[PDB]
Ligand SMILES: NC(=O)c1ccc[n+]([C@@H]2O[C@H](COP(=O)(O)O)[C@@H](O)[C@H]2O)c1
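Here you get one chain, nothing else, as structure tokens; it is the form solved without this ligand.
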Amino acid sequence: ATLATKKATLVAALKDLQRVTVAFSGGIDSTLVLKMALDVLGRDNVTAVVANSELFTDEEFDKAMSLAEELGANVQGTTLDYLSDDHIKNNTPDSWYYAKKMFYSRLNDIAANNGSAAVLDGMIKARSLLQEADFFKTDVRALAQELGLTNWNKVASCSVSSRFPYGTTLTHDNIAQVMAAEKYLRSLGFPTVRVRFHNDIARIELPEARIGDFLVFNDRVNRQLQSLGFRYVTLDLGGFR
């Protein structure tokens, strides 16, 4: 289809819902949904909710809260303690299962309190309207460009649980350790980076085309990540993913 046909399904789907609460993370997808809902449904009939968790950075939470205000939405912060579930706290392979299970249960209850007909997320190809309207990665960038949206989270980052091996118990300490390492690495000019936690070993994942540029920082990163508690600081030769 044309982008206009997919955009029309999205307006038509939204009018049919009349009042929605939209799970807003700040990535390009959720920024498109949040804006489309505000444009078809009005400020007072769309609720943006930003999840606060121990698994995400305060900066990503703060950036989404600020773009939702910048977009003109009533946005509400709700804080989730993902670590209360021992399936998640011990990061067993089902651990995504309960994390999504907790995210949507908080989101479903919020919709009852402001009278929305459904809560929307930003999944592409709970209702995920961009997938129902058959939006692909190229379609989402095209519509956002047409809607004048310029600011969104270019740092498509993930819950910090993905840095830990299955069976490792998450702690306030080792999560902060992983996140302080990634924040330090990003401050040197590597916006895409993972610091995988392996007890005494830190395993750094960088995009392969950035590894040559990284070499000037080896010693400072080595000494900095050792001061955060790692005994050995290493670079994955496989790169990011």
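Residue positions are given as counts along the sequence shown, with the first one as 1.
What follows is about the form solved in complex with this ligand, which we do not show.
Undergrad: Given the stretches 167 to 175, 67 to 75, 154 to 162, 141 to 149, which is the single one in contact with this ligand in the deposited bound form, using a heavy atom cutoff of 4.5 Å?
TA: Selected stretch: 154 to 162.
Undergrad: Contact with this ligand in the deposited bound form for residue 194, defined as at least one heavy atom pair within 4.5 Å: yes or no?
TA: Residue 194: yes, in contact with this ligand in the deposited bound form.
Undergrad: Check whether residue 136 has any heavy atom within 4.5 Å of a heavy atom of this ligand in the deposited bound form, and answer yes or no.
TA: Flag for residue 136 set to no.
Undergrad: Among 35, 142, 156, 221, which sits at the hinge where the C-alphas switch from fitting one rigid part better to fitting the other, between this form and the one not shown?
TA: It is 156 that lies at the hinge between this form and the one not shown.
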